[PDB]
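Only one chain comes next, encoded as structure tokens, the form deposited in one PDB entry.
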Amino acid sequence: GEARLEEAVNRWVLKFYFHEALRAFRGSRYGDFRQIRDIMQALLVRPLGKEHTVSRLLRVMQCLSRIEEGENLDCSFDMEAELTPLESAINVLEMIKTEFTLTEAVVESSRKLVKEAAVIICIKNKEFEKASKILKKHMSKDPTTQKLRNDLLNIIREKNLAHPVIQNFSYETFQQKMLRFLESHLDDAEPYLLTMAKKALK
């Protein structure tokens, strides 16, 4: 009925641009992704009703947004920090773990990558104190990460940006692994607007 028509269309539009955002990201078209993100952001101000699916949707969208801007340390996603975008991605990842009711063991593998990447980017930008703080608060595991964590500790103190671990790091490879991780917990079905466009253009 009235007003419920607006919410319905708003949901279709959000879900459609969510679908396009993932497609753009998958094809490493981050310019297109950023533009689509800005559209979805402008939509959030409208009534959407309340679906669990769009909440999950927005969290994933949040994670990808912080990951996409992860190399820009002058960028900030929270208004109280002082957090680098990849630190924000770590916080979003925990919301995703909860809201998707995922187990720690499943999330554990992909979170290491973000922790690894967050520290290395600070190192690449010669922000060693931030690198140390992030390393000390997050990468402080102990088992399979010991060899790498020690490498990072040594690099920070010597400011050795030429270390292979820093030199061989690929952010593009990192992004795509994260996307594929996130997609593995997502339905799956084509957005209604796309289906309608298919039946329309044949």
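Throughout, rigid core stands for the largest set of C-alpha atoms superposing within 1.5 Å between the two forms. Just count from 1 along the sequence shown to find any residue number.
Although not depicted, the form deposited in another entry is the subject of the following passage.
With the two forms fitted on their core, the C-alpha shifts between this form and the one not shown stay under 2 Å for all of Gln41, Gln35, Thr173, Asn154 except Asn154.
In a rigid-core overlay of the protein, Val106 has its C-alpha displaced by under 2 Å between this form and the one not shown. Superposition on the rigid core between this form and the one not shown places the CA atom of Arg59 less than 2 Å from its counterpart.
With a cut-off of 2 Å and the rigid core superposed, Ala81 has a Cα displacement that reaches or exceeds the cut-off between this form and the one not shown. Look at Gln176 and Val165: in that other deposited form their Cα atoms move 3 Å or more farther apart than in this form. Relative to this conformation, a decrease of 3 Å or more in the Cα-Cα distance between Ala81 and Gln35 is found in that other deposited form.
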